[PDB]
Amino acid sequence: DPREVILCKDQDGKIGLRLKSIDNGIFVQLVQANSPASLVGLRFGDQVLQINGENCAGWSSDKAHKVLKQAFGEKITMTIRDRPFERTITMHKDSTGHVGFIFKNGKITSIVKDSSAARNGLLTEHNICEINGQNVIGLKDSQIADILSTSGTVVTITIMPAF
């Protein structure tokens, strides 16, 4: 179900968010570190249904940002549907320690033949959101590799189609 968040804007009217229009909805694209948006649990991929009670349907991202900037007062309310495109896939490292995918810039690009990723039907053109509860949005590929290397046999990832 959708949830309500309440945030206070800084002096510049900002809450630490960038938004994106996808399929006539509005989605969270960037959440700034230690911002009001971060504190209330907004994440890349969350859908914004309303801002201060007004429907976001069909708005451009420019419009959504303008609505936030012009909002009266300190507090902004948003109604949020949590990452509607998120899926979870659990894989097991093989005898060589590989789960079986190639990624670039946090996005899965190839599935290794007959790997655990293959068996589990992992898809390409999907962004990796978390690996074993560790958010990897924003992190460098070398950091994502390190998390994968350090992981135990069982590797659970949350992914979303790159839209």
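All residue numbers refer to positions in the sequence shown, first residue = 1.
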Legend entry - Stretch exceeding the other in mean C-alpha B-factor - 61-69, 90-98: 90-98
Inset, instruction - Could you check which stretch, 28-36 or 43-51, carries the larger mean CA temperature factor in the entry? - result: 28-36
Inset, instruction - Would you mind checking which of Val136, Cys56, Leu123, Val112 has the top Cα temperature factor in the PDB entry? - result: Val136
Inset, instruction - Sorting the chain's modelled residues by C-alpha B-factor, tell me whether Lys140 ends up in the lowest, middle or highest third. - result: highest
Inset, instruction - Give the position of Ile159 by CA B-factor within its chain, expressed as the lowest, middle or highest third. - result: lowest
Legend entry - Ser116 CA temperature factor, ranked by third within the chain: lowest
Inset, instruction - Among all modelled residues of this chain, ranked by Cα B factor, put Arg18 in the bottom, middle or top third, i.e. lowest, middle or highest. - result: middle
